[PDB]
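Q: Have a look at this one.
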Amino acid sequence: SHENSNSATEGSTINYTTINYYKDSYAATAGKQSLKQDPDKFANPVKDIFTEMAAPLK
Amino acid sequence: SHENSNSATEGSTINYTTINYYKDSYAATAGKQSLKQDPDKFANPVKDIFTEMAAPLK
Amino acid sequence: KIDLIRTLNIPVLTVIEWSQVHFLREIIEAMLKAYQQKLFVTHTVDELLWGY
Amino acid sequence: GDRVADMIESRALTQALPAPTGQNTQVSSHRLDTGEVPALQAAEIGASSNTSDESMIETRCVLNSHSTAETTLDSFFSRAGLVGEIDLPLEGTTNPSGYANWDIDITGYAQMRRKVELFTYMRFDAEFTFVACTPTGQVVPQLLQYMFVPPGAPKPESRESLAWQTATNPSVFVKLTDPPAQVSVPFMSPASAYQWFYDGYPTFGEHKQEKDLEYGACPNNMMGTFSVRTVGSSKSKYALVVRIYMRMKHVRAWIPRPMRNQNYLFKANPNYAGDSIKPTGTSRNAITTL
Amino acid sequence: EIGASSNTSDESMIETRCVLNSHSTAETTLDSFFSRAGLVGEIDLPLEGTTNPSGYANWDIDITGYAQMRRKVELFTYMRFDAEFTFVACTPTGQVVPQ
Amino acid sequence: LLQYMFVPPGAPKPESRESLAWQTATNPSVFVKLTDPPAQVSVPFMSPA
Amino acid sequence: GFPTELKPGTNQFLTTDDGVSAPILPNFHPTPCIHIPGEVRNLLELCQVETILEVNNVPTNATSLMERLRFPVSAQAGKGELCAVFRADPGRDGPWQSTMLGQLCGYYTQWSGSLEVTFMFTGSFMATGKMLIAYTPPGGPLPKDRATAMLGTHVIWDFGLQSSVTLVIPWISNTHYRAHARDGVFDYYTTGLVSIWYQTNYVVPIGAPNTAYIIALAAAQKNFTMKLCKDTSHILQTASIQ
Amino acid sequence: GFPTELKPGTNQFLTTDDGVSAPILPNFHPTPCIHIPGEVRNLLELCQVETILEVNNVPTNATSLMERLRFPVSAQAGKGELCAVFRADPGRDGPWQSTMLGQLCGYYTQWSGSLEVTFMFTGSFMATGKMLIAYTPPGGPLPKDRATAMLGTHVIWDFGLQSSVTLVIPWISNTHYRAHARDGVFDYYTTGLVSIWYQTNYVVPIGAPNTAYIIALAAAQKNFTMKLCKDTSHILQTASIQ
Amino acid sequence: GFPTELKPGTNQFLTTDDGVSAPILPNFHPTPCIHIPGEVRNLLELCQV
Amino acid sequence: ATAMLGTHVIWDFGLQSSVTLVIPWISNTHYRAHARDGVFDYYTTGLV
Amino acid sequence: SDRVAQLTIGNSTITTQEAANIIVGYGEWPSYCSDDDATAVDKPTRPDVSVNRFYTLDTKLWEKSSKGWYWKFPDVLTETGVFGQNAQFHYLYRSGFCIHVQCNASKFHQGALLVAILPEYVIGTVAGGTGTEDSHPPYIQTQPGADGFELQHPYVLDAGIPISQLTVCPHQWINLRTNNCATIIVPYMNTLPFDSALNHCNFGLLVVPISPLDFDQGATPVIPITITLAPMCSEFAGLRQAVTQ
Ligand SMILES: *[C@@H]1O[C@H](CO)[C@@H](O[C@@H]2O[C@H](CO)[C@@H](O[C@@H]3O[C@H](CO[C@H]4O[C@H](CO[C@H]5O[C@H](CO)[C@@H](O)[C@H](O)[C@@H]5O[C@H]5O[C@H](CO)[C@@H](O)[C@H](O)[C@@H]5O)[C@@H](O)[C@H](O[C@H]5O[C@H](CO)[C@@H](O)[C@H](O)[C@@H]5O[C@H]5O[C@H](CO)[C@@H](O)[C@H](O)[C@@H]5O)[C@@H]4O)[C@@H](O)[C@H](O[C@H]4O[C@H](CO)[C@@H](O)[C@H](O)[C@@H]4O[C@H]4O[C@H](CO)[C@@H](O)[C@H](O)[C@@H]4O[C@H]4O[C@H](CO)[C@@H](O)[C@H](O)[C@@H]4O)[C@@H]3O)[C@H](O)[C@H]2NC(C)=O)[C@H](O)[C@H]1NC(C)=O
Ligand SMILES: *[C@@H]1O[C@H](CO)[C@@H](O[C@@H]2O[C@H](CO)[C@@H](O[C@@H]3O[C@H](CO)[C@@H](O)[C@H](O[C@H]4O[C@H](CO)[C@@H](O)[C@H](O)[C@@H]4O)[C@@H]3O)[C@H](O)[C@H]2NC(C)=O)[C@H](O)[C@H]1NC(C)=O
Ligand SMILES: CCO/N=C/c1ccc(OCC[C@@H](C)CCN2CCN(c3ccnc(N)c3)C2=O)cc1
Ligand SMILES: CCO/N=C/c1ccc(OCC[C@@H](C)CCN2CCN(c3ccnc(N)c3)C2=O)cc1
């Protein structure tokens, strides 16, 4: 595994399980990626995050 | 061996000897499965299991 | 073909007769019980006389 | 927060033992013994009889090394059987314009259907294989596109349609000079098992005679539509057939049931011929002869 | 009117039971939603005609020409991806020719 | 295109080209065309003795 | 050389295989990425954003297509009238085709999980009332009066300083995932009905408008999953795209 | 690239190979399984369940096909009459085609192991008698009187409170497995004959029915194995299944 | 996929090669052998009689 | 098929000749007085 | 110690003193849905007494020329008692069943029955007689209710499957020289953990006389067959208004 870092997914800490045969990383498999999701930057991107139980407009 | 658990035979303790080349477990070999059989749930599924030697209706 | 004629229902009085001679008794007695019918129906003239 | 004793007080009988070979026969001798009788069973219990060889006849020590591996479900079902045939003729009535939508129902041929109707619920992966050729048998340099249309996807309505762009559907482009296209298919049903038998109706409401067509039709079994066209704007100059073979792998089957003895007549219903109910075996003239 | 999606759950609206949800969220990632080969271009090289009659064709790479691949990738504004193109070529009747 | 199939003792012999026994629901069968190399399959020791 | 036997599946082009293919450009290092805001890791970010459900899918002409986004309430002279009713399934053709929950679900064959509907009352300040928002589970037909839709899952919604309420349609099913409910035997996978009933009235003082509009927002919960990706039902092309 | 030589067997489609093939759906996680009762791990569960052997395979018309499941006994006026006789092999066309032992053995070329036949007497309470159920090993022909079928393996069966007895046909063979016995040189693999003889009589009091019926149940023992799977002999299709 | 070059000798049927070929019957366990007298291990038993 | 809904006993005629229906103590009150016709029928015990 | 039994559940008990034995279908008792299996997110109702009762349903007379009967469960109890009220209000449903069928006769009568279960007992037709017209069975042959329905061709069980190998499924015999009743305890068998109680009928109770009834004239000619059943470990979910069908 002495390939170049050519893939368009470089920019995370963990690597992926992509098998590759050429010396270029963009020719690799798509593989399986990390199942991390962050819905709070699209669902509730408010400044001061209010909880569920309280009334939102105190 | 960094595949997903996609096969329709997940649900036992032991795995099988199935060789796989893709990242999905349902694309694997059928392999050889465990030779465990339980005939007593179809042959004699009685509540209080009577033995061979005794008369069945005491 | 518009004129509605209200009278008895002859098929459901026919199949009661079939239950009296034990010609398909428990089949017909399951029909009229779960599918409740009418002794008096109302169809058109061309239906009641030329097939319905 | 209670003072009652009714609420505070408010599991399988069989163990699967490993059995790689059939069991041995230990040495028995004669027995002249009252009280215990291994022959006289009670068949009205509804249990199969647990009388062995040794307590009926004097037997010898037989070390049974006969393997029971051929009779597992993964060795009984993992054989590719013919489950579908798709015709793409040049001129005719049935698909004259070089496309065919075959909805995936593998109960259309009576050798694969007969085996998998032994069990009620089956959960399996499958690998389909699409052996395609001219009706005379020969292979012709013709390109085909197979695509799998799930329930809800647009069915392609013509050869030069827009649904053949396969932006998200899986599709296979194979020519007939190639070996047969073989793809593996997971367990896709919403339920936990493909039930071959659904005694019930899918929809609510009153059930009249006009909508008895839904009886026995479970939506957990109908998994879509398999579509195939000859790739091109013009019409292809070859008549085609596409035979579909599937073998099942990673099989789990539940709840056995009696195997069909009358001829199959339709798909997705057990309708049988009424005047032609034939006996399940052969017959003989008298019982006291052979 | 805050502009936040509501954080009300099931449990604080109805009496619920303990459901151990083992439904995977791996089919909905971007690498499983986009890694399907969709038709993005078609190049015609006819024998006689107007459109490319002399056996060459210059197709400038714009994959917004067909509305199934274009519809999905227009959900996002900025996309960074590697691609593997595949060029399925044949006669207009469909057959393969030694060319 | 050819179909070879192996009919054990007891299986239905196919009686025509367009028969029903060619569905090979449980028999082993080989589909090879003549442009391919020769179909080669290995056969175990099958005798009862 | 090494012995190799070519098994079937050879020489095909499956459009969903995940295979290594030859690079056109040797050792090409691409442009390094910038922290661009709002990165999507998963499509279940987008199914959890509330998005305007068009309950009032009645008007169709081009000069009144903005009428679809909101449905009216008004001062009724009576007892428990039906305000609006809609199917509660994101796959069926209807109100849910405008929300992104209902159009990302157009790419997936079968979905699961509970899903939420939010109703924002856009009346005046001094106009009050109480609405009953009742989710009827499948099998139970369209309710004929307020005292039979009361039996299902329901929410009593008060008009107050917090303007909106969330009906949370729970995950009630006979099956783990359900596919898209259409007419036929695929109506086995219906989700139910959501019907909105006046519980008391819509009372106003003199000087307030006696007709107010409710905007229905809809999204999914955090136990919402989808699987078995497919192509969507609408094809957004008629001719050659020039 | 890497040197690779394509040996024969290339480009074929063997319908029994166990090979890796390409997945149509990347990272699709299926529906998780439920504990559904009665899971079959092996087909030798089903060969050990007793199942109605139709010894009386004589009547054929559709109004009397239920007559096949049971064969009569009656008060004989004599000494040792033959009640019924049948072939003792599950492969041959005859009585054994109704039992699931005899139709799962239709999928396997050759079987082995001892197998049991159970006879449930369905007469009245106060009707007694003794029957001799004799298994004659192969070679020995159909016995002509009770004193030659006595020589084989046999069971004296008394009618009592325990209603049924089990004749256990032992595994007597010259070979480890035997294939299906048919007429010809495949009759080498015959299993024998089972003949049922009155040993004393069938005595009744006045008021009891003087004709009783015996239901023959049949299964296999726990040393029953099968191998070399094949397709079954009946094809359950005549035309295109519509 | 993996790069593979097909060198000559491809697609032939040599009648003396010792190659793996596909099994027609999955997990078929044959009949276990008996001590049958007079087993030949080599043909040079028979040249010395 | 409506008396089936209450407390009931399926009694088989056998070698043990008798069965015991056990009328349980089902009441709205701790003790009940003697049920007669009128407003004293409030204390009825039921029917067998 | 096997001939005599007593089955008490709910407020209703049944005694039997000439039983055979209790068989438990597929070797396991009915149980509640674990949280590994459940997908519905509302808390189920579990009445635990008011619906776990032996409901005595109907009485079929068995003469010398009968064919056989079948009852589709649980549609025999969606018109009866608090089970029939909870199954009509609630969309989802799961339960097991303890099925007890009585048929007594004297010690001079004879004959045997095969009371057997089978899951997903779908019903075919005679296909127009000759076998060319796709006729579907009516709603009353499909789901007869508590009235039961009589088999037309019991050799093929109206489904093209032979009755000679019905004995695979959970069963036991009532032959009138030995026993008079047959208890069959059946768990909840279905793929998905809850289902609708009005559409899907999980199994059918085939009760077929194989060896026919026989008695000399002078004995009692009326030999009834009554089936009693008890939903065990039943639970419902998804409350809405009453549907009847
Ligand atoms: C018009 O015109 C028309 C024409 O005619 C008409 O019509 C009619 O009508 C009428 C009225 O309805 C009728 O009559 C009636 O009839 C009926 C019927 O009969 C029939 O049927 C039968 C049946 O059978 C069955 O069963 C048996 C046993 O029982 C068996 O064996 C069989 O097999 C069968 O079975 C089946 O079915 C079932 C059902 O349930 C089922 O389940 C199963 O599965 C199976 O399937 C029959 O049998 C009959 O037969 C007959 O005929 C023949 C010929 O071929 C012969 O062979 C025979 O033998 C017979 O005969 C006999 O019988 C009859 C009676 O039955 C007599 O009559 C004579 O004579 C001789 O003897 C038939 O087919 C019936 O039922 C009825 O009867 C009744 O009544 C009378 C008077 O009325 C009297 O006398 C009698 O006795 C009776 O009584 C009884 O019953 C009732 C009701 O049920 C009751 O309640 C009472 O109580 C009584 O009982 C008693 O006694 C007995 C003795 O008998 C005893 O056993 C007991 O125990 C008790 O003690 C009547 O008759 C007719 O039919 C018609 N027609 C024709 C031709 O048909 C009209 O009407 C006109 N119109 C005006 C207005 O008039
Ligand atoms: C035999 O007797 C029966 C009853 O004794 C009788 O049946 C009834 O006939 C009337 C008249 O035809 C039917 O009433 C009609 O029903 C239709 C369906 O809804 C309505 O649209 C009709 O409304 C019209 O009524 C006026 C004309 O009558 C118009 O002024 C008006 O604008 C409407 O157009 C009308 O009410 C009735 O439905 C039946 N009832 C049944 C149960 O069938 C039948 O007509 C008699 N036959 C003969 C030959 O006399
Ligand atoms: C390029 C893309 O290539 N794609 C190939 C491809 C192949 C197969 C495929 O889906 C296969 C589905 C089968 C495995 C199971 C079929 N089943 C389930 C039970 N069932 C029943 C149940 C009850 N009654 C009836 N009538 C039928 C039935 O028929 C999808 C895609
Ligand atoms: C022998 C050599 O084989 N060579 C093959 C080969 C294949 C592809 C290739 O380049 C592929 C480029 C695509 C990956 C991206 C195309 N893109 C980017 C965004 N974009 C947009 C954006 C905004 N408006 C419009 N209209 C279009 C667009 O169309 C080069 C070479």
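Residues in the structure tokens are named by chain (A, B, ... in the order shown) and by number from 1 within that chain; ligands are numbered from 1 in the order shown.
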Contacts of residue 31 (chain K) at 8 Å or less, counting only C-alpha atoms, minus same-chain residues fewer than 3 places along, as a list in words?
A: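 Neighbouring residues, sequence-local ones excluded: residues 95, 96, 187, 188 and 233 of chain K.
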Q: Would you export the selected residues with N, CA and C atoms as a PDB file, in the first residue's frame, please?
A:
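So result23.pdb came out as:
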ATOM      1  N   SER K  95     -51.036 -12.952  19.297  1.00  0.00           N
ATOM      2  CA  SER K  95     -51.441 -13.865  20.358  1.00  0.00           C
ATOM      3  C   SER K  95     -51.059 -15.276  19.968  1.00  0.00           C
ATOM      4  N   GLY K  96     -50.982 -16.142  20.973  1.00  0.00           N
ATOM      5  CA  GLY K  96     -50.998 -17.566  20.756  1.00  0.00           C
ATOM      6  C   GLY K  96     -52.389 -18.098  21.020  1.00  0.00           C
ATOM      7  N   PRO K 187     -48.158 -21.224  19.197  1.00  0.00           N
ATOM      8  CA  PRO K 187     -47.598 -19.898  19.436  1.00  0.00           C
ATOM      9  C   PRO K 187     -48.074 -18.939  18.358  1.00  0.00           C
ATOM     10  N   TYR K 188     -47.526 -17.738  18.380  1.00  0.00           N
ATOM     11  CA  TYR K 188     -47.812 -16.772  17.334  1.00  0.00           C
ATOM     12  C   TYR K 188     -46.833 -17.006  16.200  1.00  0.00           C
ATOM     13  N   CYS K 233     -51.421 -14.969  25.830  1.00  0.00           N
ATOM     14  CA  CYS K 233     -50.412 -13.921  25.706  1.00  0.00           C
ATOM     15  C   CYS K 233     -50.746 -12.946  24.583  1.00  0.00           C
TER      16      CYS K 233
END
Q: Near region 29-40 of chain A, counting only C-alpha atoms, which residues have an atom at most 10 Å away, once you skip same-chain residues fewer than 4 positions from it, shown as a ChimeraX atom specification?
A: /A:9,12,14-21,25,44-46,49 /B:2-4,22-23 /E:4-5,7,24-26,28-32,35,82-83 /G:17-21,38-49,222 /H:26-27 /I:1
Q: Within 7 Å of residue 212 (chain K), counting only C-alpha atoms, which residues show up once you throw out same-chain ones fewer than 3 positions away? Write them as a VMD selection string, please.
A: chain K and resid 64 111 to 112 209
Q: All residues within 8 Å of ligand 2 are required, counting only C-alpha atoms and all ligand atoms; please report them as JSON, numbers by chain.
A: {"C": [3, 4, 5, 6, 41, 42, 43]}
Q: Mind dumping the selected residues with C-alpha atoms as a JSON list (two decimals), in the first residue's frame?
A:
[["chain", "number", "residue", "atom", "x", "y", "z"],
["C", 3, "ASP", "CA", -88.30, 0.84, -15.39],
["C", 4, "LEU", "CA", -87.66, -0.55, -11.91],
["C", 5, "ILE", "CA", -89.83, -3.47, -10.82],
["C", 6, "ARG", "CA", -89.98, -4.40, -7.13],
["C", 41, "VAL", "CA", -85.32, -6.54, -4.47],
["C", 42, "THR", "CA", -85.75, -3.94, -7.22],
["C", 43, "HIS", "CA", -84.17, -4.36, -10.66]]
Q: Once you count only C-alpha atoms and all ligand atoms, which residues end up within 12 Å of ligand 4, and could you hand them over as a ChimeraX atom specification?
A: /A:8 /E:37,40-41,59-66,69-70,73-74,76-87 /G:21-25,241-242
Q: Restricted to C-alpha atoms, what would the selected residues look like written as a compact mmCIF listing (two decimals), in the first residue's frame?
A:
# COMPACT_ATOMS: atom_id res chain seq x y z
CA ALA A 8 -11.26 13.42 -3.50
CA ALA E 37 -23.82 4.77 -13.16
CA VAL E 40 -24.95 11.47 -18.82
CA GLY E 41 -24.04 11.55 -22.49
CA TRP E 59 -18.88 16.06 -26.91
CA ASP E 60 -17.90 18.62 -24.31
CA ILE E 61 -18.25 17.16 -20.84
CA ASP E 62 -21.44 18.56 -19.33
CA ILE E 63 -23.32 15.90 -17.40
CA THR E 64 -26.42 18.06 -17.03
CA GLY E 65 -27.92 16.83 -20.30
CA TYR E 66 -30.13 14.06 -18.94
CA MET E 69 -28.50 12.12 -13.04
CA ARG E 70 -29.03 15.90 -13.18
CA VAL E 73 -26.87 16.10 -8.20
CA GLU E 74 -28.81 19.36 -8.26
CA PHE E 76 -26.61 19.89 -3.54
CA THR E 77 -24.87 23.08 -4.55
CA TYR E 78 -21.21 22.11 -4.21
CA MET E 79 -20.07 18.57 -4.92
CA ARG E 80 -16.54 17.14 -4.88
CA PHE E 81 -16.23 13.67 -6.32
CA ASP E 82 -14.24 11.16 -8.30
CA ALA E 83 -16.01 9.43 -11.15
CA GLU E 84 -15.58 6.34 -13.26
CA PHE E 85 -16.94 6.79 -16.76
CA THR E 86 -17.98 3.87 -18.93
CA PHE E 87 -18.51 4.05 -22.67
CA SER G 21 -11.04 1.09 -12.86
CA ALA G 22 -7.98 2.44 -14.59
CA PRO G 23 -6.91 6.03 -13.86
CA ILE G 24 -6.70 8.34 -16.84
CA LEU G 25 -4.07 10.59 -15.25
CA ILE G 241 -32.74 18.80 -23.28
CA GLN G 242 -31.16 21.31 -25.67
Q: Report as a list in words all protein, DNA and RNA residues lying within 10 Å of residue 142 (chain H), evaluated on only C-alpha atoms, omitting residues in the same chain fewer than 2 positions from it.
A: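 Answer for this query is residues 288, 289 and 290 of chain D; 85, 86, 87, 136, 139, 140, 144, 145, 148, 149, 192, 193, 194 and 195 of chain H.
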Q: When the cut-off is 6 Å and you count only C-alpha atoms and all ligand atoms, which residues lie near ligand 3, shown as a PyMOL selection string?
A: (chain D and resi 104-107+126+128+146-148+170-172+185+194-197+221+223+267-268) or (chain H and resi 24)
Q: Would you mind telling me which residue in H:183, H:28, H:5, H:91 lies nearest to chain A when using only C-alpha atoms?
A: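 Checking each of H:183, H:28, H:5, H:91 against chain A, counting only C-alpha atoms, the winner is H:28.
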Q: Do you know which residues are at most 10 Å from residue 39 (chain F) counting only C-alpha atoms, after dropping those on the same chain fewer than 6 positions away, and could you put them as a list in words?
A: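 That gives residues 4, 30, 31, 32 and 33 of chain F; 8, 9, 10, 11, 12, 13 and 14 of chain H; 13, 21 and 22 of chain I.
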Q: Save the residues we just selected, N, CA, C and O atoms, as a CSV table (one decimal), in the first residue's frame?
A:
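Okay, this is what ended up in part.csv:
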chain,number,residue,atom,x,y,z
F,4,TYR,N,-26.4,-29.1,-21.1
F,4,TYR,CA,-26.1,-30.5,-20.7
F,4,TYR,C,-26.8,-30.6,-19.4
F,4,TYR,O,-26.8,-29.6,-18.6
F,30,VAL,N,-25.3,-27.6,-17.2
F,30,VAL,CA,-24.3,-26.7,-17.7
F,30,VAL,C,-24.8,-26.1,-19.0
F,30,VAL,O,-25.1,-26.8,-20.0
F,31,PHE,N,-24.8,-24.8,-19.1
F,31,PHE,CA,-25.1,-24.0,-20.3
F,31,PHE,C,-23.8,-23.5,-20.9
F,31,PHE,O,-23.3,-22.5,-20.4
F,32,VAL,N,-23.4,-24.1,-21.9
F,32,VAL,CA,-22.2,-23.6,-22.6
F,32,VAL,C,-22.5,-23.5,-24.1
F,32,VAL,O,-23.2,-24.3,-24.7
F,33,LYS,N,-22.0,-22.4,-24.7
F,33,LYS,CA,-22.1,-22.2,-26.2
F,33,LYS,C,-20.8,-22.7,-26.8
F,33,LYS,O,-19.8,-22.9,-26.1
H,8,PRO,N,-9.9,-24.9,-19.4
H,8,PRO,CA,-11.3,-25.2,-19.7
H,8,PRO,C,-12.2,-25.2,-18.6
H,8,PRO,O,-11.9,-25.3,-17.4
H,9,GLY,N,-13.5,-25.2,-18.9
H,9,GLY,CA,-14.5,-24.9,-18.0
H,9,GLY,C,-14.9,-23.4,-17.9
H,9,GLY,O,-15.7,-23.0,-17.2
H,10,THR,N,-14.2,-22.6,-18.8
H,10,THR,CA,-14.4,-21.2,-18.8
H,10,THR,C,-15.7,-20.9,-19.5
H,10,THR,O,-16.2,-21.6,-20.4
H,11,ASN,N,-16.4,-19.8,-19.1
H,11,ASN,CA,-17.5,-19.2,-19.7
H,11,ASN,C,-18.7,-20.1,-19.7
H,11,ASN,O,-19.6,-19.9,-20.5
H,12,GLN,N,-18.8,-21.1,-18.8
H,12,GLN,CA,-20.0,-21.9,-18.7
H,12,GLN,C,-20.9,-21.4,-17.6
H,12,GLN,O,-20.5,-20.6,-16.7
H,13,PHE,N,-22.1,-22.0,-17.5
H,13,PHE,CA,-23.0,-21.7,-16.4
H,13,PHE,C,-23.4,-23.1,-15.9
H,13,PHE,O,-24.4,-23.7,-16.3
H,14,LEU,N,-22.7,-23.5,-14.9
H,14,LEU,CA,-23.1,-24.7,-14.1
H,14,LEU,C,-24.1,-24.3,-13.1
H,14,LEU,O,-24.0,-23.3,-12.4
I,13,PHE,N,-7.7,-27.6,-24.4
I,13,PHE,CA,-8.0,-28.8,-23.6
I,13,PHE,C,-6.9,-29.8,-23.7
I,13,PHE,O,-6.9,-30.6,-24.6
I,21,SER,N,-11.5,-28.5,-11.4
I,21,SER,CA,-12.7,-28.2,-12.2
I,21,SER,C,-13.9,-28.2,-11.3
I,21,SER,O,-13.9,-28.8,-10.2
I,22,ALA,N,-15.0,-27.6,-11.7
I,22,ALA,CA,-16.1,-27.2,-10.9
I,22,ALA,C,-16.9,-28.5,-10.5
I,22,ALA,O,-17.2,-29.3,-11.3
Q: Let me see if you get this right: every residue at most 10 Å from ligand 1, counting only C-alpha atoms and all ligand atoms, written as a PyMOL selection string.
A: (chain C and resi 16-26) or (chain K and resi 60-68+150-152+220-222)
Q: Go ahead and dump the residues you just picked, N, CA and C atoms, as a short mmCIF file (atom, residue, chain, number, x, y, z; two decimals), in the first residue's frame.
A:
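Result file follows (result-v6.cif):
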data_model
loop_
_atom_site.label_atom_id
_atom_site.label_comp_id
_atom_site.auth_asym_id
_atom_site.auth_seq_id
_atom_site.Cartn_x
_atom_site.Cartn_y
_atom_site.Cartn_z
N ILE C 16 -83.05 -21.41 -0.91
CA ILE C 16 -83.66 -21.92 0.32
C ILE C 16 -84.29 -23.28 0.06
N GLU C 17 -84.85 -23.44 -1.13
CA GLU C 17 -85.44 -24.70 -1.54
C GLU C 17 -84.35 -25.77 -1.64
N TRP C 18 -83.17 -25.38 -2.14
CA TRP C 18 -82.06 -26.32 -2.26
C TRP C 18 -81.56 -26.78 -0.90
N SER C 19 -81.70 -25.95 0.13
CA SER C 19 -81.33 -26.36 1.48
C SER C 19 -82.37 -27.31 2.08
N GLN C 20 -83.60 -27.29 1.58
CA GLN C 20 -84.64 -28.18 2.07
C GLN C 20 -84.50 -29.60 1.54
N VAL C 21 -83.83 -29.79 0.41
CA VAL C 21 -83.60 -31.09 -0.20
C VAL C 21 -82.15 -31.53 0.00
N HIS C 22 -81.40 -30.78 0.83
CA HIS C 22 -79.99 -31.04 1.17
C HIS C 22 -79.09 -31.02 -0.07
N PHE C 23 -79.46 -30.20 -1.05
CA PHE C 23 -78.62 -29.91 -2.21
C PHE C 23 -77.82 -28.66 -1.86
N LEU C 24 -76.56 -28.87 -1.47
CA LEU C 24 -75.62 -27.84 -1.01
C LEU C 24 -76.18 -27.09 0.20
N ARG C 25 -76.36 -27.82 1.31
CA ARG C 25 -77.02 -27.22 2.46
C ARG C 25 -76.11 -26.25 3.21
N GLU C 26 -74.97 -26.74 3.70
CA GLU C 26 -74.10 -25.89 4.51
C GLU C 26 -73.33 -24.87 3.68
N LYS K 60 -70.44 -28.72 15.57
CA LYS K 60 -70.67 -29.40 14.31
C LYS K 60 -71.10 -30.83 14.59
N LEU K 61 -72.21 -31.25 14.00
CA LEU K 61 -72.66 -32.62 14.14
C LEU K 61 -71.87 -33.48 13.17
N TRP K 62 -71.38 -34.61 13.65
CA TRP K 62 -70.56 -35.50 12.85
C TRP K 62 -71.30 -36.80 12.60
N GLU K 63 -71.78 -36.97 11.38
CA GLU K 63 -72.46 -38.18 10.95
C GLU K 63 -71.50 -39.04 10.15
N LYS K 64 -72.01 -40.15 9.61
CA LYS K 64 -71.15 -41.15 9.00
C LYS K 64 -70.60 -40.74 7.64
N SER K 65 -71.09 -39.65 7.06
CA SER K 65 -70.70 -39.26 5.71
C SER K 65 -70.13 -37.85 5.67
N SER K 66 -69.51 -37.40 6.75
CA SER K 66 -68.99 -36.05 6.79
C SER K 66 -67.69 -35.97 6.00
N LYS K 67 -67.32 -34.74 5.65
CA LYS K 67 -66.08 -34.49 4.94
C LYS K 67 -65.00 -33.93 5.85
N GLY K 68 -65.28 -32.82 6.51
CA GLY K 68 -64.30 -32.15 7.34
C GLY K 68 -64.60 -30.67 7.36
N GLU K 150 -67.34 -26.18 5.74
CA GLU K 150 -67.13 -27.59 5.45
C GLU K 150 -66.29 -27.77 4.20
N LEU K 151 -65.32 -28.68 4.27
CA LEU K 151 -64.43 -28.93 3.14
C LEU K 151 -65.17 -29.61 2.00
N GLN K 152 -64.87 -29.19 0.78
CA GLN K 152 -65.50 -29.76 -0.40
C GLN K 152 -64.75 -31.01 -0.86
N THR K 220 -76.58 -43.66 20.21
CA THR K 220 -76.93 -42.26 20.04
C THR K 220 -76.39 -41.74 18.72
N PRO K 221 -77.24 -41.31 17.79
CA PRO K 221 -76.77 -40.96 16.45
C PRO K 221 -76.23 -39.56 16.32
N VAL K 222 -76.28 -38.76 17.38
CA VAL K 222 -75.84 -37.38 17.35
C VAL K 222 -74.52 -37.30 18.10
#
Q: One number please: CA of residue 38 (chain K) to CA of residue 192 (chain K), in Å, one decimal.
A: 8.7 Å
Q: Hey, what's within 10 Å of residue 158 (chain H) if we count only C-alpha atoms and toss same-chain stuff fewer than 5 positions away? As an MDAnalysis selection string, please?
A: (chainID D and resid 40) or (chainID H and resid 121 128:132 163:165 199)
Q: Using only C-alpha atoms, which of K:28, K:18, K:133, K:195 sits nearest chain D?
A: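 Among the listed residues, K:28 lies closest to chain D.
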